[PDB]
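First comes one chain, alone, set out as structure tokens in the form deposited in one PDB entry.
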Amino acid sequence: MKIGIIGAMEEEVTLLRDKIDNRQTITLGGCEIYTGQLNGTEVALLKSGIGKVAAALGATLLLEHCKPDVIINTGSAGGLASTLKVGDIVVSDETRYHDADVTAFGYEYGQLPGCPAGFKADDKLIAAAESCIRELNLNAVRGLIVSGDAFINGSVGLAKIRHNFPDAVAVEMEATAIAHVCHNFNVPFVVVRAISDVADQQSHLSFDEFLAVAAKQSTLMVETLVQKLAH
């Protein structure tokens, strides 16, 4: 079994890279893939760029060069649901674009032609991710994650996202792109995001402070999930 790992948090990618045995590096397209074994399981690891095109490029390269059986995609996100807490981990049931609009031709908002309205994560991977998160004494929240190429963290902007996607739990900038690529290649995936900030609430942590702890937690989550899936 070969597990592909795409992470947004630099420190998580660095820690995982350091842990990989028999490491090799594939360098191309302004992207880099690290391959080897993580605690005995073959993996392929990439740090996602920023925004949908960069994320899609990376995902496509990882799939074509490494042919993993599944994708685990980690990072951080903004929480849209007021019931979230900083440090909660959202597990995607589905991902949608908050900035796609071909409604002039009758499509649902967020849906692109030739795509479903939302890209669904794999039921087995969702369940496995949730179980691993909970085993690490963290809180897993299943729900819709929305993505787009605008960084949105202010009250007005988050309220607009919430009006268009009232069921959305979290927002960030790469999840839907990675899900779209995986979907189109028929590769099962799960998206996991640690909640850095909740809409209209001031976090007790700076983003850097959050990343210092979240990246360590996410690294452990990945190691745990890789082991559960393979062994």
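So that there is no doubt, residue numbering starts at 1 and follows the sequence shown. Between two forms, the rigid core is the largest collection of C-alphas that superpose within 1.5 Å.
Just so it is clear, the following notes concern the form deposited in another entry, a form of the same protein that is not shown.
Trainee: Determine, with the core as the superposition reference, the one member of 168, 199, 181, 43 that shifts its CA by 2 Å or more between the shown form and the other one.
Mentor: Spelled out, the residue whose C-alpha shifts by 2 Å or more is 199.
Trainee: If the two forms are fitted on the core, does residue 8 show a Cα displacement reaching 2 angstroms between the shown form and the other one?
Mentor: True for residue 8: a C-alpha shift of 2 Å or more.
Trainee: Relative to the form shown here, do the C-alpha atoms of residue 204 and residue 161 sit closer together or farther apart in the other entry, given a change of 3 Å or more?
Mentor: Residue 204 and residue 161 sit closer together in the other entry.
Trainee: Closer or farther: the C-alpha atoms of residue 6 and residue 204 in the other entry, versus the form shown, with a change of 3 angstroms or more?
Mentor: It is closer: in the other entry, the C-alpha atoms of residue 6 and residue 204 lie at least 3 Å nearer than they do here.
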